[PDB]
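Enquirer: Before anything else, here's the structure in question.
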Amino acid sequence: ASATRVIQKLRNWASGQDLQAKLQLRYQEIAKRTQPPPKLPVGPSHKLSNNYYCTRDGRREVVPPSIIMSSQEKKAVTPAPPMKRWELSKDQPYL
Amino acid sequence: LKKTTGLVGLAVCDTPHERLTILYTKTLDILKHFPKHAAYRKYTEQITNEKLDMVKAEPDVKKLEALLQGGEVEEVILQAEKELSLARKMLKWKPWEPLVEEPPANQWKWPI
Amino acid sequence: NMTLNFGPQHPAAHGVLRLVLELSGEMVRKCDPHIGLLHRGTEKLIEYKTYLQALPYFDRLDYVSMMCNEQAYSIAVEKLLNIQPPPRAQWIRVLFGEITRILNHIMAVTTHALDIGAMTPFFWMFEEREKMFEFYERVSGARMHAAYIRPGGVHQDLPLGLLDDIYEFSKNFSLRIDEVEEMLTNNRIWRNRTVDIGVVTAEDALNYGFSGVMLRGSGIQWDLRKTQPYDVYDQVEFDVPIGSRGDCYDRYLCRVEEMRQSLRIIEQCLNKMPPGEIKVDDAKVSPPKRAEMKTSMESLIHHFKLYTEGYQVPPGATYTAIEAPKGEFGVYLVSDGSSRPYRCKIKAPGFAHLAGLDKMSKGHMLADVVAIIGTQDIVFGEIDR
Amino acid sequence: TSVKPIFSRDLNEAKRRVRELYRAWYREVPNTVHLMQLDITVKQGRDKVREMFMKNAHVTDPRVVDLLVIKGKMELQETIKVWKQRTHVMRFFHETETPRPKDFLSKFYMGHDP
Amino acid sequence: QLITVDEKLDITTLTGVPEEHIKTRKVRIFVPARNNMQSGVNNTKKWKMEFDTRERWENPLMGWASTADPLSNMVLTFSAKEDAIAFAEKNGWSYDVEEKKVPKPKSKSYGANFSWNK
Amino acid sequence: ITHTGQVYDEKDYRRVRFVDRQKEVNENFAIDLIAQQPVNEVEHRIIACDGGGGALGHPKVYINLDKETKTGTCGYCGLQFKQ
Amino acid sequence: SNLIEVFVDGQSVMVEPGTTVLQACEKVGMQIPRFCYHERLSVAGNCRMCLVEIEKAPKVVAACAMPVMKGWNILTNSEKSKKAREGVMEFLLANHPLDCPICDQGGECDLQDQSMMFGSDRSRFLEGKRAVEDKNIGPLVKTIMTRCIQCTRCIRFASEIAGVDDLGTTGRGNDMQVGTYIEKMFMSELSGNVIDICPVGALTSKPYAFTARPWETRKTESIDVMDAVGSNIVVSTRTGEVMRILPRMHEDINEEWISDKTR
Amino acid sequence: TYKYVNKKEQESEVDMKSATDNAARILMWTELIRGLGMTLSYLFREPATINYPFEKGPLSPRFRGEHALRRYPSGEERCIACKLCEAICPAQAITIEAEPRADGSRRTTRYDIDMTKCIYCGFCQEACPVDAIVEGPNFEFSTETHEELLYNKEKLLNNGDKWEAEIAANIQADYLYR
Amino acid sequence: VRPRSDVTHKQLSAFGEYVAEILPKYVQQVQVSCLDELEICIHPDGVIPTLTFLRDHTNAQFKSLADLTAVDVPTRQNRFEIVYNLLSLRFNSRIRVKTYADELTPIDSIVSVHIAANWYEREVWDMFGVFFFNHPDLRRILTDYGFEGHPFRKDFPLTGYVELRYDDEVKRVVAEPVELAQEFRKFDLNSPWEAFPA
Ligand code: SF4
Ligand code: SF4
Ligand code: SF4
Ligand code: FES
Ligand SMILES: [Zn+2]
């Protein structure tokens, strides 16, 4: 910014775009420093009641892998339902 | 009819229904040698028979593409002959046989 | 085909690549890329480190996409623990996940041009990059190599004010991409050096495990972010930029289009990020808040054990893959019940892509090889690991 | 016992392969000393080849031998298709390192743990 | 068809270890004891084989400990005594196995402490 | 010299390091700086030293100033308190 | 004969009549979180951190002190036996002074780990803590006893393994302090074992006060040469100088104990 | 949702007007001239560079920068040698050995951060209970010799004293977040 | 606690049975993790056959090879555990086929089945030492040209045995046995207390 109008007009034209509206250099639009102090929210599990960990510890309630076909009519089954075709976009199908 | 398939390398196959019917019928034939109760024969015969039946039943390729999935019809052709190749390969491999060898003991115990 | 040993000549860089080649005059007969000039041991070193002290290694594996890599380990460690991050953290990871994609594409498109010979796009977009780094710094503390995305969510909530600035930037970045375009998308010359160079068929791309824009550029529709959603990339709406006539020019256009689509995903994340916590509440997996560890005994014990010993992940193994900007980045993390991992093979979108250099650059000139290394976004950190 | 054969059914057949590799290296030593401008004597180098080929003379098992030449062949390829520059080759000669005595009295005089 | 070899798998020739550290290194296969500090026994379960300790001279510039032995920090963990012995034989390191020593059963009963005559 | 009496002997050669250079040491030594702070005369048997500044200080601990002879000293600050 | 069959989570282990519930879990391989129970020290039941749930029973039982009975199923990991640990650990920690970065039994704590493994992630003790005056019990053991979880293993060892019979409990309520009523030093051989046997870091070693921290210590198993009993010992070395010698168990020679001289 | 880039929806049949427009594009390099206009445009934009010594690129409070050891206001160094800063350092950089000071307090006889080993993760900042080791703002500590980069307790304590005022302000700004 | 859908643990489980039935000569174990991931385990001889069936079967198309890796369990007689992770863009599912290979008992190469493996197989040889028959060009990829020893083996020292410095006398870079100035401090981290039955 701080450009004489003519330079701006030359700029906008040569570029073909209103570069003034979206300048790259930042001027007094960037968040001021020393933004106010933050009081962040405490999440769940901070209840002082009905908060038993045994009821909220997925870490080791996990079990050893389930085993099928261990070494020690029927229809065909796929790894999973065949995938669904993606659909062309509607805002900008092409380009 | 279409101009080209999304996939770069694949090229539009005219007479796609005929090309599929040729490949599908071939596979069914090769499978005819597999042992009778061989798992691959029963499973793939079921899949291939359903695929043909649909190819025979549908005269519109766009709906054919919907009925057996496969995205573009050209891909289904590639998948069918790829399967035809493996069917020939497995007959040589004889994988329907029992396990080649039991794993050394404690071979599959992860906590270790 | 006089071997020229090109690439120790810093000609396409992206790291240090000795692309031994045999060239009959200016035609390339065979390219045998050499690797490991940047092997550093990242996979063995991790076995001797705890889960949280191995997180910084992932940022270094492919450091142009600093964070997106961290998300892959995060996800992997979360799966093994069967813990999930809190809702705000998920959006953050998608917010910085995308910002990181832009950062990678600005790197890939502009560095591609510098090797081609166009130098002004790099300076134009490195200024935008710079501005993004600052987001990283004001969120993590480091310009790059943040360590912000940890195995149980983010480390610390966003500063009070970042979202607003990740808006001003996003509101404008588009024009910056537009400019590059007016310089390269239709240049009468960019097209020539890029069009019909390194065409890869669709069947061949899947066969050589390309798994990235390289597949998407050939017209195969696969974005692990839409096919197998991770985090909250499911709750956003974006369009994968599929390509046809896959070649250096087409894929490029795809990378410029994901820069565009990522701005669509970033916008949403700013518009819909929830109030909440940024780390799991299980002191078992996530370190306790410093006010809590300084006033509550259970929190100190959990702080002491977590930092000194570790998560103690339950025994198991998982392969979790995300859609890192380069392509599918996956960590196969085998884990004994111990706090330190047992194996952590990093699948690098790039080990597969380089391999394809041979099957892509055939009957091509020396300049063509330079263009193709660019269209694979090879960061030797991920390939060498 | 009851092992599967890697490439050589018996030490006999395996030894055949070792002979071939020796020849290969023997024929190559001179070229390397010239294409790498190494400051060594062809004769000297050829003895080194012998050294290595015998350092592993004790192996009796056929499978171990077969891998040894696979690996050996790979090294040759790196030295005839030159991807290994002098620094790499000369390392074989251990030129800079100071040799350590194996005499007990010698070790006693120098290292806590021999 | 399989071929027969009575030769103890020794693969010392393929492992790629310097000669000095294969003939002068004694490794001990032992089940780790429990630091008496803690009463948990989850670290006294798997056998470990550990290479013999070597020089740790002080560094002149900073006083940090410095070691010239590469196989020092390496302790491999093996689930059973038989498997660990096998690793030593094929890698060619000397071994001296120590039998696991588990606490003997001890009879305890709260009543005893209130015994008429103890 | 340093906090811990680290003084290279008159014959040690690491002193060559200090030749033509400054051996970095700090005049402000803690052992002494804590002493200056006076004993806090609290009027409760057990008082707590949060470390000053709460979250910006050290883990909170309670000290028993019951012993009449001696004074409680926070294992963290070193601050002393007497009843 | 003399082999009852008790089920630990339906594993039908068989134990001599007399085995405690904690002992039954051990042979299956499960380990009841425990404080105040040491194999070679009398069962006291002070902590009640080992409460388990025998099947079809109204209340949970004390593992270390309950003679097992035929048929019982232990349900060690039952939702109940976890509330019975998530709620005890709440109490031990409530009066505990959080100076874990002072407590040199940092990584050698059977109370953080049993808290990180069997207890909760937070605290609800918004009230104030307690503090107990320290004691100069001797020149070897530093008793920062505000750490004590009143587990009475010292008072046992000091009476049962060693015949000192000096250490004792004094008072009732939450100011039961387990220290010598009059300040008489605990002077006896076998003295330093108290350090190793107190799971809390209340009383620890004064020479090895703050020289190290256990994760760093490389542990080499060797033999006592100071005396002819040849007691087994583990020499804990950091960066090449010995930092501590603590006992390692040999059933026949030193069963978990070592002399004051050889440590 | 997908999007075709570089896919021509249809075959526009050449119309003279179209052909001319195209031929003119090849003959008179029309698009090439378009590209020149863009660069001429920026030539007129204000350059974004900063006088490096005189002006400095902005770094917010969490910037990790250079290690320092803080001291209590009284003057007692904060570190109490719990040594978990050593435990969680990913690079093995921090070496700590301690012994009870004469006062009887716990303190570190030797605290050595090897900055060349350090990868400035900032976990040490995180891990410290007394928050004695902090990531200080300064990033300009380039040194002529490798030894200078290795830092003992006296350099870090001195680094702490020099930058304590800003370190205190930075921790003041970001502690609520942590 | 992560959200788990049992739809997948059922779909994948069934497929596992399907694969097993179709390839019973090689499939030894087929398990689905609690994380909804299938992991057919095959005898080493079934490398070629099991992969090919997955790459070219209409009901199981697994076109791309995500990764080929080899964990090393030293205790296990067959030290290495080659693991191949595959993706099916058609059915949006991944499977892992893992085999076992000892140091001197080579595995077949699948470069034929997937050419992606051309590089990863060279990576497994360089790091772990497993050998792959019928490989087009197996040669060290990541390690130095003259490196001796396979690095990711659990029995290889982290720091290694050789390090490089420039020597003036010989005016050329020169290996020397590793001498480290601060050895890797080997913190013992395992706690003596278990977490759950698992
Ligand atoms: S005992 Fe020492 S270490 Fe164990 S918890 Fe209490 S304070 Fe922390
Ligand atoms: S001192 Fe140690 S042992 Fe004696 S009671 Fe307190 S805690 Fe239990
Ligand atoms: S953590 Fe903070 S206090 Fe504990 S040692 Fe490291 S620096 Fe000193
Ligand atoms: S161990 Fe059961 S009562 Fe303390
Ligand atoms: Zn204090």
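The chain as shown is numbered from 1 upward.
Per the header of the entry, the method used was electron microscopy, 3.1 Å.
Cβ atoms here come from the backbone N, Cα and C positions, even for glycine.
From Swiss-Prot, for reference:
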DOMAIN    H:70-99  domain '4Fe-4S ferredoxin-type 1'
BINDING   H:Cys79, H:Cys82, H:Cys85, H:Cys128  [4Fe-4S] cluster 1 binding site
BINDING   H:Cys89, H:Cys118, H:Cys121, H:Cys124  [4Fe-4S] cluster 2 binding site
DOMAIN    H:109-138  domain '4Fe-4S ferredoxin-type 2'
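Walk me through where these features lie, including what they touch and how far apart they are.
Expert: Packing around H:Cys82 ([4Fe-4S] cluster 1 binding site) is summarised by its Cβ count: 30 other Cβ atoms lie within 10 angstroms of its Cβ, all protein chains included.
Under the three-state DSSP scheme, H:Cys89 ([4Fe-4S] cluster 2 binding site) falls in the coil class. Around H:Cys89 ([4Fe-4S] cluster 2 binding site), taking its Cβ as the centre, 24 other Cβ atoms fall within 10 Å, counting all chains.
Same-chain residues lying 6 or more positions outside the domain '4Fe-4S ferredoxin-type 2' (H:109-138) and placing a CB less than 8 Å from one of its CB atoms are 59, 62-70, 77-80, 82, 84-85, 87-99, 146, 149-153, 156, 159-160, 163, 166-167, 170-171, 178.
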Enquirer: If we take H:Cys79, H:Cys82, H:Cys89, H:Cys118 as the binding-site residues, which have a Cβ under 8 Å from chain G?
Expert: H:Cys82
Enquirer: Listing the binding-site residues H:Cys79, H:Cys118, H:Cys124, H:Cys128, which lie under 8 Å (Cβ to Cβ) from chain C?
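Expert: Out of H:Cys79, H:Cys118, H:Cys124, H:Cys128, none lie under 8 Å of chain C.
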Enquirer: Spatially, and counting Cα to Cα, which of the binding-site residues is closest to H:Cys118 ([4Fe-4S] cluster 2 binding site)? Options: H:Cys79, H:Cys82, H:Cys85, H:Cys128.
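Expert: Spatially nearest to H:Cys118 ([4Fe-4S] cluster 2 binding site) by Cα position is H:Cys85.
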Enquirer: What binding-site residues among H:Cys79, H:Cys85, H:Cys89 have a C-beta sitting less than 6 Å from any atom of ligand 3?
Expert: H:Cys79, H:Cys85
Enquirer: What subset of the binding-site residues H:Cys85, H:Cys89, H:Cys118, H:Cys121, H:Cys128 has a Cβ positioned less than 8 Å from a Cβ of chain E?
Expert: none
Enquirer: How many whole Å apart are the CA atoms of H:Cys121 ([4Fe-4S] cluster 2 binding site) and H:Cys79 ([4Fe-4S] cluster 1 binding site)?
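Expert: Their Cα atoms are separated by 19 Å.
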Enquirer: Find the shortest Cα-Cα separation between H:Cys124 ([4Fe-4S] cluster 2 binding site) and the binding-site residues H:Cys79, H:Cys82, H:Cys85, and name the residue that gives it.
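Expert: Of all the candidates listed, H:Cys85 is nearest in space.
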Enquirer: Using the CB centroid of H:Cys89, H:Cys118, H:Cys121, H:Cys124 as the [4Fe-4S] cluster 2 site centre, which other residues of the same chain sit with their CB within 8 A?
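Expert: Surrounding the site, in chain order, are H:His67, H:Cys85, H:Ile88, H:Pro90, H:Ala91, H:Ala93, H:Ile94, H:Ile113, H:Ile119, H:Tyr120, H:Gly122, H:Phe123.
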Enquirer: Just give me the nearest neighbour of H:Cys89 ([4Fe-4S] cluster 2 binding site) among the binding-site residues H:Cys79, H:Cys82, H:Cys128, Cα to Cα.
Expert: H:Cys128
Enquirer: With DSSP assignments reduced to helix, strand and coil, which class does H:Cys124 ([4Fe-4S] cluster 2 binding site) get?
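Expert: In the DSSP reduction, H:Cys124 ([4Fe-4S] cluster 2 binding site) maps to helix.
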